[PDB]
There are 2 protein chains.
Amino acid sequence: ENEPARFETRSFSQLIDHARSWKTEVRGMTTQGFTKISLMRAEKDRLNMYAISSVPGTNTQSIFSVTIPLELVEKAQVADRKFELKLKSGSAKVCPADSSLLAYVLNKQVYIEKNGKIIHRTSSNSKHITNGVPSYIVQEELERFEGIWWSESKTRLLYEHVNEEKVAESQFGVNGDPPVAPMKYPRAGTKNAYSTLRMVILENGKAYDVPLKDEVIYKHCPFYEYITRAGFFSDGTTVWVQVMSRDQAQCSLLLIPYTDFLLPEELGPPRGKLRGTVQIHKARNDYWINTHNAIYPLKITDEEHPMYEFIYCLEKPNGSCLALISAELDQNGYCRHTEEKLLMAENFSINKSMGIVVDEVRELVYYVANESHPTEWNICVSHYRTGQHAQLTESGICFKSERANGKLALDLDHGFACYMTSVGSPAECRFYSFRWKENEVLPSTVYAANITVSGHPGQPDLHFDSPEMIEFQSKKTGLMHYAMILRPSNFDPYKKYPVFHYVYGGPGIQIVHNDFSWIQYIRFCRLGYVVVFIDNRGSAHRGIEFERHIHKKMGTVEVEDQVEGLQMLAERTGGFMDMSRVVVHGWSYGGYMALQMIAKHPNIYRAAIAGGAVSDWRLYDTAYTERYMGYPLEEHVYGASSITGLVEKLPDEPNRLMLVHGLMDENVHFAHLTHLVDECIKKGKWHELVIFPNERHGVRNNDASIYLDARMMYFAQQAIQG
Amino acid sequence: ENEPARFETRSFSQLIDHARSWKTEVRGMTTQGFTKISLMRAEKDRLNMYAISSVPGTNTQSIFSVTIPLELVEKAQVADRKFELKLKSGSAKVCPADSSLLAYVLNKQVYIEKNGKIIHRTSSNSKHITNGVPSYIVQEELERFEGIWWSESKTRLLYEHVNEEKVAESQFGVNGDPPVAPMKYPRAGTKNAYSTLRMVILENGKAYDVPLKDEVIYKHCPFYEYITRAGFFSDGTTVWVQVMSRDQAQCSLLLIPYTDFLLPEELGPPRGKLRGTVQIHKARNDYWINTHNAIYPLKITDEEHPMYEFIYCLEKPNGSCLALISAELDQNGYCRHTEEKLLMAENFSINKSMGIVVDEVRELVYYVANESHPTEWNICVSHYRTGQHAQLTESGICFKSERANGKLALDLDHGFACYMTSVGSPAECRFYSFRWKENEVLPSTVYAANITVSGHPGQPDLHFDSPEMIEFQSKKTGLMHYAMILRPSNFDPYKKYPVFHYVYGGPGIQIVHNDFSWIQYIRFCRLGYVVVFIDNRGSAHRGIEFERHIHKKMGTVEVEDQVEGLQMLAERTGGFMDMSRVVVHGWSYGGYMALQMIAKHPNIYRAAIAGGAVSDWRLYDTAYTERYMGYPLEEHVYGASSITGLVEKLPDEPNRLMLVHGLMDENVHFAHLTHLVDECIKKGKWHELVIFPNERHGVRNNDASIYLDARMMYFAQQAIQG
């Protein structure tokens, strides 16, 4: 038994001041950092770190650098005092083969420039025909942010062609105002943009613009819908692409020679060579194959026997593994065999949003993976010829990526610089120095230095109740789950507090994580709330067996995991969580589930706040919806997972349901809200509605953000205080 | 002193059932009626009434008729038992001059048909160029619903030309959905559609399509913006138009001869004749001139001296009067003089939304006017040569018009059929029979019969507390005002009840009126509310002196009249109205004022419900906004009357402000709401928002209507019950 904690109520105007003061304070918990890290060897004996940061006193961006004192860093082979390095100030690529050549995308067209002069450009007769920029769905869901690639050895460029002409329109704006250009947005069951690759060949300043032959991909890939990845093979002689089926259940990697481009005539065991375009890997799942950036062509050892070898990723029931994938062709160019050599244990996943760094002098590949723990990223190295494996960072400390399709700032001989974070500590940038041994394959590392940007304030001394990181087993499935509790500012172990249950629950995202992202929720803990995060089946970085349970069953499985996880935490917490005062909140997919949970479990959740909620999957985009819901679109599958069928089950009482939505939200459209609101009207269900006419998917304006917080918080008080 | 009445609270679900049951009952207070009334003399000795009604058992429309037993009616010269007549079943015009000719507007183009065959049509190369249909602003604000006219004597047709190409666009739809054709909507300070008239001349089946010479109007009317009225003059020889300035402060009537049309060359005191187009009347106002349908050309008595004479309306400080307007031209065609002969006392207004019926055999004009009372319409007759005047309907009973630009179903010799209504009684259609006397000019009438449609249920026996119709004088202006109170279902004179104050307050509309339109508010009185209606300065049918006070001052004057009127009623009611529990509601302009009143008088109004509110006049249309706000648009005038400047004054506490709006509202655009919501977000002001994604200006869907009522009522309880 526990005593109900007093819950302190307050005025809306006081919630505004709370949210406003808080934003001033939350920014004081961090320092100016840098948005990119890279290392270069300017000289054989010097290593220089570069990063992008603001100029002190302003928000203007510039490139900063520091010299790494390698003679001194090399001596930090023990856990000695760490050195500080101070960094100082002072869409386009330069071809590695030629420093005078640049290529970039300007106004969604590809340009090639020499010494400041444009020598070649692509053109289109329509805004819906694009070059150098990935198709919207590809950039948005399949996470490719570039359409431009250079060969390393030679002055040749590869780029993407996009055709949006049959893509369905979406209007944005405010009713009664003048029309603006429509957005092109694919929907489930609708046609997507058409894609193909092209090349520009530069011969002594003479550009040629040559398309790929149209059936080169299709002929080998009968199910082809998307190009998910592309780039040059070694020595710049060949182009590979990774392609997928519409539902992303099938994936193939195919290697395309120069002769399979539509060149002008002026430019053109018994194992064989790359006779023509061929698949060098194929994979199929029962549910889906996820995209990743762990693709890297290896240099061929034998030109007579140009064994096809690359670093790739294979999905497994458990984890997502790096593998050395290799293949043999017949004399006639088709594959006779693939090997699928795993470089790691299946029990953990790689970070698919990260690229990899591959050595050739030594056969070492460096990558980010969940080696130590499901909630933590580590930097690891493996030898791709042996399968020998080691972890280069400490367990309990998480590697942080600042961007999708991120990179490690790794110097193959000396070490690397990166951000590391943990649940009890803000991200910090540190340098790990390599140590090499005789008669050994893998390096070891030592933490030798920190990097800070000069001219800025140092790190604040922060004081808080560290989040309780909890692992527990499901009582229904036997699966391990992770959850986290953020403690209220003034905590009494023998009192119970109102529950704020934050959910996302959708695929591709992990909420419970070993980082410092939980800081933003201190604002609720200062109001006497317990904030609980739980992951679930369908959640990212566990493996397909864990994710697959939501296949054609969205809103049916992950909602139960959230409910059971909450109840188990209530037992483990010693009963300081009050189950009679529970409010559930989420955004995007989380808004969808906040609706699902109150509709299905009105006796657990007193109220729900659903922001950016997806009411109908048929109104959402193609690549996301169909990999989970299947294809061809099935009316009864999509109907079962919609909110439409749950409107009847929504609470009859007022102040139990709140809907929050942007008017300009291009991700989850306002149409989803209007559908939900219209159903509520028909069914006689009460709802509170908050709209932000000038906001997108999230709320970015500082005052709009304050307002939103004040209303979520005010609403929550009324929901519980009864 | 008075005892607070218990206020009975209830659940949202109970408010839904109340509103739902009510709609079933409110329809039971009425019967099937008919949407048009007309009389014809099929034979010299027979008068036949025709009307449009549904076929019993269904909603299918058809034409019904009854023969009037004239001899029986003629003998009903006393207040005898009245007779019932039972009516039985069984965009285009037929030319009065020729029964074989028809003309109509189809798909917004003008067609002329003979014996079922099209002989002539207009055409356009764009959807924005229209013929036969009044321009949107003209149809919407200046109340003209037709662009097609026939000559009475001859086979000639007149029609309107509309050019919308420079009119600003307005997008409607749901964000994320495909674009639909933009609406053309003028805004204050923006360009309107261009208009001109054209003719089709039919000579033995040979059509000619002839434009008006472009400067015919402009040359005589330098301020010309709109054509507000048009039609043929007597004998079909000439065309007159009524035109206005952009701010509608100036108005002219000009008479245009056949020779001022471009024509094919084959067709084209010392007082004179219609030498050419000339103004025959001009009027100017310091504020504005209102439009009306009281224009009628009179037959000229002397062809040698074709005195220009017509029935017209002159605005006065008090009232809107019929006048016989006449003019003389010089020999050279320009006016030397106008007479302005008033046919009525200035103390009352004509019904400007009604047309008039004019006799020539006797110089009698029949019209609807506020002869007996400011809240009541009467049918009146006057002799246009003498000014002799009489009232043909009983005082205390109001004439009802079923439509804008309505007509009297008047037979000049026998009498008329019309709907009459009163505050204590549902509209009924009755026949008034004329009585003529020797050596007398005006007819008298007797109420002889009622007309009902056969096959339908008779009138219900209704029981209610009749509305208290109140007149009182302002303590600040000395002006007379009218107000009405609807009593709560179970009324205790010594108890006080919560106040529901309904407002419109805008120009062109009268809320307090002697009719049965108050029935819809019984639904609030059954919940224990007192419903109070008050008119104000700026309100319709009093005269320009009464209306002009809101000139360039919208939201500044009419709000005070509503506040003072409420307080005076509280005194006159004996204190049964509770001033500590006041909720104000209105729609459209009323929504605007509901915001104005709480922002300005938070100590009187506990809460406001603003539906369809206009937050910014610059977002509203040209013809309406500029006649009140002036032209050229002034930033500080429009700023002063906007809600933007009042957002700061809106209540800080929650549940005090509610905003209701349609998403597809083409009258008051959603942009008005998004502007208001955005300001609230910036200022930190709480609001409740209800949106109807599939509704227009009002809410028409039966379930959407039930839902809206339930939320307005639920909200009101929470606002007062504290």
# chains A, B, ... in the order shown; residues from 1 in each chain; ligands from 1
>>> interface_residues(of="chain A", to="chain B", cutoff="6 Å", atoms="only C-alpha atoms", output="MDAnalysis selection string")
chainID A and resid 169:172 174:179 669:671 674 681:682 689 693 703:704 707
>>> residues_around(residues="segment 353-355 of chain A", least_positions_apart="6", cutoff="10 Å", atoms="only C-alpha atoms", output="VMD selection string")
chain A and resid 143 to 144 291 to 296 366 to 369 401 403 to 408
>>> closest_residue(among="A:49, A:554, A:441, A:643", to="residue 429 of chain A", atoms="only C-alpha atoms")
A:49
>>> residues_around(residues="residue 530 of chain A", least_positions_apart="4", cutoff="7 Å", atoms="only C-alpha atoms", output="list in words")
residues 485, 486, 487, 488, 497, 498, 499, 500 and 525 of chain A
>>> atom_distance(atom1="atom CA of residue 457 of chain B", atom2="atom CA of residue 26 of chain B")
15.2 Å
>>> select_by_dssp(residues="segment 188-374 of chain A", states="strand (DSSP E or B)", output="PyMOL selection string")
chain A and resi 194-203+206-212+224-232+238-245+250-257+261+278-284+296-297+308-315+319-329+335-338+341-342+349-350+354+357-358+364-369
>>> write_last_selection(atoms="C-alpha atoms", output="PDB file, in the first residue's frame")
ATOM      1  CA  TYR A 194      10.199   6.275 -61.607  1.00  0.00           C
ATOM      2  CA  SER A 195      13.969   6.066 -61.150  1.00  0.00           C
ATOM      3  CA  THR A 196      17.018   5.304 -63.314  1.00  0.00           C
ATOM      4  CA  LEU A 197      20.745   6.064 -63.122  1.00  0.00           C
ATOM      5  CA  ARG A 198      22.840   8.095 -65.556  1.00  0.00           C
ATOM      6  CA  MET A 199      26.535   8.892 -66.017  1.00  0.00           C
ATOM      7  CA  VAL A 200      28.588  11.873 -67.005  1.00  0.00           C
ATOM      8  CA  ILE A 201      31.944  10.996 -68.509  1.00  0.00           C
ATOM      9  CA  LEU A 202      34.556  13.734 -68.550  1.00  0.00           C
ATOM     10  CA  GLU A 203      37.301  13.340 -71.140  1.00  0.00           C
ATOM     11  CA  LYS A 206      34.541  16.988 -72.897  1.00  0.00           C
ATOM     12  CA  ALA A 207      31.418  15.849 -71.099  1.00  0.00           C
ATOM     13  CA  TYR A 208      29.213  13.013 -72.290  1.00  0.00           C
ATOM     14  CA  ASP A 209      25.846  12.335 -70.692  1.00  0.00           C
ATOM     15  CA  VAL A 210      24.897   8.686 -70.948  1.00  0.00           C
ATOM     16  CA  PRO A 211      21.746   6.952 -69.564  1.00  0.00           C
ATOM     17  CA  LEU A 212      21.698   3.412 -68.279  1.00  0.00           C
ATOM     18  CA  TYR A 224      12.134  -3.881 -59.102  1.00  0.00           C
ATOM     19  CA  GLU A 225      10.463  -0.832 -57.603  1.00  0.00           C
ATOM     20  CA  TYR A 226      13.177   1.159 -55.883  1.00  0.00           C
ATOM     21  CA  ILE A 227      16.816   1.901 -56.131  1.00  0.00           C
ATOM     22  CA  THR A 228      17.767   1.947 -52.493  1.00  0.00           C
ATOM     23  CA  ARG A 229      21.521   2.320 -52.780  1.00  0.00           C
ATOM     24  CA  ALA A 230      24.067   3.017 -55.496  1.00  0.00           C
ATOM     25  CA  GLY A 231      27.706   3.814 -56.066  1.00  0.00           C
ATOM     26  CA  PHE A 232      30.942   3.032 -57.861  1.00  0.00           C
ATOM     27  CA  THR A 238      31.761  -0.490 -62.604  1.00  0.00           C
ATOM     28  CA  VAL A 239      28.556   0.713 -60.950  1.00  0.00           C
ATOM     29  CA  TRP A 240      26.560  -1.281 -58.428  1.00  0.00           C
ATOM     30  CA  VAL A 241      23.046  -0.744 -57.230  1.00  0.00           C
ATOM     31  CA  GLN A 242      20.900  -2.216 -54.506  1.00  0.00           C
ATOM     32  CA  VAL A 243      17.277  -2.580 -55.442  1.00  0.00           C
ATOM     33  CA  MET A 244      14.061  -3.712 -53.794  1.00  0.00           C
ATOM     34  CA  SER A 245      10.569  -4.958 -54.410  1.00  0.00           C
ATOM     35  CA  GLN A 250      12.966  -8.864 -51.685  1.00  0.00           C
ATOM     36  CA  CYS A 251      16.327  -7.252 -52.174  1.00  0.00           C
ATOM     37  CA  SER A 252      19.092  -7.670 -54.700  1.00  0.00           C
ATOM     38  CA  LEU A 253      22.543  -6.273 -55.220  1.00  0.00           C
ATOM     39  CA  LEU A 254      23.605  -6.094 -58.839  1.00  0.00           C
ATOM     40  CA  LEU A 255      26.876  -5.069 -60.403  1.00  0.00           C
ATOM     41  CA  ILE A 256      26.640  -3.106 -63.670  1.00  0.00           C
ATOM     42  CA  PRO A 257      29.623  -2.729 -66.105  1.00  0.00           C
ATOM     43  CA  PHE A 261      25.161   2.035 -70.357  1.00  0.00           C
ATOM     44  CA  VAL A 278      24.546  -9.575 -62.879  1.00  0.00           C
ATOM     45  CA  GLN A 279      23.109 -10.015 -59.401  1.00  0.00           C
ATOM     46  CA  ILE A 280      25.904 -10.647 -56.938  1.00  0.00           C
ATOM     47  CA  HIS A 281      23.555 -11.090 -53.987  1.00  0.00           C
ATOM     48  CA  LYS A 282      19.903 -11.857 -53.416  1.00  0.00           C
ATOM     49  CA  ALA A 283      17.869 -11.900 -50.232  1.00  0.00           C
ATOM     50  CA  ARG A 284      14.265 -12.622 -49.427  1.00  0.00           C
ATOM     51  CA  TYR A 296      31.153  -1.480 -49.476  1.00  0.00           C
ATOM     52  CA  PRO A 297      32.921  -2.942 -52.537  1.00  0.00           C
ATOM     53  CA  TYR A 308      33.318 -10.577 -56.190  1.00  0.00           C
ATOM     54  CA  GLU A 309      33.657  -9.431 -52.635  1.00  0.00           C
ATOM     55  CA  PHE A 310      32.020  -6.769 -50.542  1.00  0.00           C
ATOM     56  CA  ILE A 311      30.914  -5.852 -47.064  1.00  0.00           C
ATOM     57  CA  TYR A 312      27.166  -6.237 -46.784  1.00  0.00           C
ATOM     58  CA  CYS A 313      24.408  -6.824 -44.280  1.00  0.00           C
ATOM     59  CA  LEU A 314      22.240  -9.890 -43.867  1.00  0.00           C
ATOM     60  CA  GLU A 315      19.037  -9.827 -41.889  1.00  0.00           C
ATOM     61  CA  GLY A 319      20.111  -9.042 -35.255  1.00  0.00           C
ATOM     62  CA  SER A 320      21.384  -7.505 -38.490  1.00  0.00           C
ATOM     63  CA  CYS A 321      24.829  -8.753 -39.334  1.00  0.00           C
ATOM     64  CA  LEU A 322      27.819  -7.649 -41.275  1.00  0.00           C
ATOM     65  CA  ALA A 323      28.955 -10.293 -43.645  1.00  0.00           C
ATOM     66  CA  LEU A 324      31.574 -10.732 -46.255  1.00  0.00           C
ATOM     67  CA  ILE A 325      29.502 -11.509 -49.241  1.00  0.00           C
ATOM     68  CA  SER A 326      31.194 -12.981 -52.176  1.00  0.00           C
ATOM     69  CA  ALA A 327      30.215 -14.623 -55.390  1.00  0.00           C
ATOM     70  CA  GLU A 328      31.449 -16.551 -58.359  1.00  0.00           C
ATOM     71  CA  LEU A 329      30.190 -16.170 -61.892  1.00  0.00           C
ATOM     72  CA  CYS A 335      26.192 -16.380 -60.644  1.00  0.00           C
ATOM     73  CA  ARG A 336      27.016 -19.941 -59.793  1.00  0.00           C
ATOM     74  CA  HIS A 337      27.430 -19.341 -56.064  1.00  0.00           C
ATOM     75  CA  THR A 338      27.248 -16.945 -53.104  1.00  0.00           C
ATOM     76  CA  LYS A 341      30.197 -15.233 -44.509  1.00  0.00           C
ATOM     77  CA  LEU A 342      29.077 -13.725 -41.201  1.00  0.00           C
ATOM     78  CA  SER A 349      22.387  -5.632 -34.764  1.00  0.00           C
ATOM     79  CA  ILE A 350      24.555  -3.185 -36.644  1.00  0.00           C
ATOM     80  CA  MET A 354      25.646   4.415 -40.117  1.00  0.00           C
ATOM     81  CA  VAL A 357      34.952   2.242 -42.752  1.00  0.00           C
ATOM     82  CA  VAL A 358      36.972  -0.434 -44.476  1.00  0.00           C
ATOM     83  CA  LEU A 364      39.566  -4.601 -41.029  1.00  0.00           C
ATOM     84  CA  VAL A 365      36.074  -3.187 -41.070  1.00  0.00           C
ATOM     85  CA  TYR A 366      34.934  -0.683 -38.496  1.00  0.00           C
ATOM     86  CA  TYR A 367      31.282  -0.276 -37.671  1.00  0.00           C
ATOM     87  CA  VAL A 368      28.702   0.669 -35.086  1.00  0.00           C
ATOM     88  CA  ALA A 369      26.740  -2.194 -33.471  1.00  0.00           C
TER      89      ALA A 369
END
>>> residues_around(residues="residue 508 of chain B", least_positions_apart="3", cutoff="12 Å", atoms="only C-alpha atoms", output="PDB file with C-alpha atoms, in the first residue's frame")
ATOM      1  CA  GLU B 141     -23.728  40.788 -51.424  1.00  0.00           C
ATOM      2  CA  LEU B 142     -25.713  42.928 -53.832  1.00  0.00           C
ATOM      3  CA  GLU B 143     -28.411  40.263 -54.024  1.00  0.00           C
ATOM      4  CA  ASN B 290     -28.145  50.042 -49.866  1.00  0.00           C
ATOM      5  CA  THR B 291     -29.375  47.957 -52.760  1.00  0.00           C
ATOM      6  CA  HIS B 292     -33.016  47.082 -53.228  1.00  0.00           C
ATOM      7  CA  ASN B 351     -38.522  45.718 -47.518  1.00  0.00           C
ATOM      8  CA  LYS B 352     -35.585  46.042 -49.839  1.00  0.00           C
ATOM      9  CA  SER B 353     -35.323  42.306 -50.461  1.00  0.00           C
ATOM     10  CA  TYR B 504     -25.442  38.807 -34.617  1.00  0.00           C
ATOM     11  CA  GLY B 505     -25.285  42.567 -34.578  1.00  0.00           C
ATOM     12  CA  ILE B 511     -32.679  39.397 -35.241  1.00  0.00           C
ATOM     13  CA  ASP B 535     -30.798  44.454 -31.966  1.00  0.00           C
ATOM     14  CA  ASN B 536     -28.370  47.355 -32.216  1.00  0.00           C
ATOM     15  CA  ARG B 537     -27.039  50.318 -34.128  1.00  0.00           C
ATOM     16  CA  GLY B 538     -25.948  49.095 -37.525  1.00  0.00           C
ATOM     17  CA  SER B 539     -28.960  46.741 -37.666  1.00  0.00           C
ATOM     18  CA  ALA B 540     -31.246  46.573 -40.697  1.00  0.00           C
ATOM     19  CA  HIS B 541     -34.500  48.310 -41.659  1.00  0.00           C
ATOM     20  CA  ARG B 542     -34.289  51.439 -39.531  1.00  0.00           C
ATOM     21  CA  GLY B 543     -32.688  53.939 -41.922  1.00  0.00           C
ATOM     22  CA  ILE B 544     -29.169  55.127 -42.666  1.00  0.00           C
ATOM     23  CA  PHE B 546     -29.325  54.139 -37.442  1.00  0.00           C
ATOM     24  CA  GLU B 547     -26.999  52.016 -39.564  1.00  0.00           C
ATOM     25  CA  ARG B 548     -24.247  54.584 -40.136  1.00  0.00           C
ATOM     26  CA  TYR B 589     -20.628  38.486 -37.672  1.00  0.00           C
ATOM     27  CA  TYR B 624     -19.397  43.954 -47.901  1.00  0.00           C
ATOM     28  CA  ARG B 627     -19.178  49.802 -47.823  1.00  0.00           C
ATOM     29  CA  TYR B 628     -18.742  49.821 -44.066  1.00  0.00           C
TER      30      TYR B 628
END
>>> select_by_dssp(residues="segment 458-662 of chain A", states="alpha helix (DSSP H)", output="ChimeraX atom specification")
/A:522-525,544-547,558-572,589-600,622-629,635-640
>>> residues_around(residues="segment 370-375 of chain A", least_positions_apart="4", cutoff="7 Å", atoms="only C-alpha atoms", output="ChimeraX atom specification")
/A:348-350,395,512-514
>>> residues_around(residues="residue 451 of chain A", least_positions_apart="2", cutoff="10 Å", atoms="only C-alpha atoms", output="PyMOL selection string")
chain A and resi 33+49+66+68+83-87+417-419+428-431+449+453-454
>>> write_last_selection(atoms="N, CA and C atoms", output="PDB file, in the first residue's frame")
ATOM      1  N   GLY A  33      28.129  22.456 -29.668  1.00  0.00           N
ATOM      2  CA  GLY A  33      28.877  21.323 -30.169  1.00  0.00           C
ATOM      3  C   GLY A  33      29.134  21.489 -31.649  1.00  0.00           C
ATOM      4  N   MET A  49      42.135  17.317 -36.905  1.00  0.00           N
ATOM      5  CA  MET A  49      40.701  17.154 -36.775  1.00  0.00           C
ATOM      6  C   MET A  49      39.961  18.393 -37.222  1.00  0.00           C
ATOM      7  N   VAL A  66      41.687  21.444 -35.105  1.00  0.00           N
ATOM      8  CA  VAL A  66      42.761  21.345 -34.121  1.00  0.00           C
ATOM      9  C   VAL A  66      43.791  20.313 -34.556  1.00  0.00           C
ATOM     10  N   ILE A  68      46.178  17.328 -33.698  1.00  0.00           N
ATOM     11  CA  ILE A  68      46.314  16.307 -32.677  1.00  0.00           C
ATOM     12  C   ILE A  68      47.799  16.031 -32.424  1.00  0.00           C
ATOM     13  N   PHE A  83      43.838  14.643 -22.168  1.00  0.00           N
ATOM     14  CA  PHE A  83      44.221  15.915 -22.742  1.00  0.00           C
ATOM     15  C   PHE A  83      43.033  16.591 -23.374  1.00  0.00           C
ATOM     16  N   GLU A  84      42.994  17.909 -23.309  1.00  0.00           N
ATOM     17  CA  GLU A  84      41.976  18.616 -24.056  1.00  0.00           C
ATOM     18  C   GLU A  84      42.556  19.227 -25.309  1.00  0.00           C
ATOM     19  N   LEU A  85      41.802  19.123 -26.382  1.00  0.00           N
ATOM     20  CA  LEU A  85      42.145  19.754 -27.633  1.00  0.00           C
ATOM     21  C   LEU A  85      41.114  20.825 -27.926  1.00  0.00           C
ATOM     22  N   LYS A  86      41.578  22.036 -28.189  1.00  0.00           N
ATOM     23  CA  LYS A  86      40.661  23.126 -28.479  1.00  0.00           C
ATOM     24  C   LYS A  86      40.605  23.436 -29.958  1.00  0.00           C
ATOM     25  N   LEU A  87      39.401  23.349 -30.496  1.00  0.00           N
ATOM     26  CA  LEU A  87      39.150  23.567 -31.905  1.00  0.00           C
ATOM     27  C   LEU A  87      39.097  25.071 -32.173  1.00  0.00           C
ATOM     28  N   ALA A 417      37.787  10.085 -33.700  1.00  0.00           N
ATOM     29  CA  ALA A 417      37.100  11.061 -32.871  1.00  0.00           C
ATOM     30  C   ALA A 417      35.604  10.900 -33.030  1.00  0.00           C
ATOM     31  N   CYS A 418      34.887  10.899 -31.924  1.00  0.00           N
ATOM     32  CA  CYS A 418      33.444  10.760 -31.998  1.00  0.00           C
ATOM     33  C   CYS A 418      32.743  11.277 -30.767  1.00  0.00           C
ATOM     34  N   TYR A 419      31.436  11.459 -30.883  1.00  0.00           N
ATOM     35  CA  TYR A 419      30.628  11.759 -29.720  1.00  0.00           C
ATOM     36  C   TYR A 419      30.207  10.503 -29.000  1.00  0.00           C
ATOM     37  N   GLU A 428      29.751  13.983 -25.315  1.00  0.00           N
ATOM     38  CA  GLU A 428      31.047  14.627 -25.341  1.00  0.00           C
ATOM     39  C   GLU A 428      31.863  14.057 -26.473  1.00  0.00           C
ATOM     40  N   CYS A 429      32.675  14.889 -27.100  1.00  0.00           N
ATOM     41  CA  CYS A 429      33.493  14.399 -28.194  1.00  0.00           C
ATOM     42  C   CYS A 429      34.860  14.004 -27.702  1.00  0.00           C
ATOM     43  N   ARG A 430      35.240  12.778 -27.988  1.00  0.00           N
ATOM     44  CA  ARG A 430      36.496  12.258 -27.497  1.00  0.00           C
ATOM     45  C   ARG A 430      37.297  11.534 -28.552  1.00  0.00           C
ATOM     46  N   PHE A 431      38.600  11.479 -28.328  1.00  0.00           N
ATOM     47  CA  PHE A 431      39.511  10.797 -29.219  1.00  0.00           C
ATOM     48  C   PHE A 431      40.040   9.520 -28.606  1.00  0.00           C
ATOM     49  N   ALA A 449      41.949  11.712 -25.197  1.00  0.00           N
ATOM     50  CA  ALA A 449      41.692  13.149 -25.219  1.00  0.00           C
ATOM     51  C   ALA A 449      40.236  13.507 -25.456  1.00  0.00           C
ATOM     52  N   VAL A 453      35.215  23.028 -28.544  1.00  0.00           N
ATOM     53  CA  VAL A 453      35.396  24.174 -29.422  1.00  0.00           C
ATOM     54  C   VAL A 453      35.699  25.425 -28.605  1.00  0.00           C
ATOM     55  N   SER A 454      36.763  26.134 -28.983  1.00  0.00           N
ATOM     56  CA  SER A 454      37.203  27.306 -28.235  1.00  0.00           C
ATOM     57  C   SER A 454      36.267  28.491 -28.417  1.00  0.00           C
TER      58      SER A 454
END
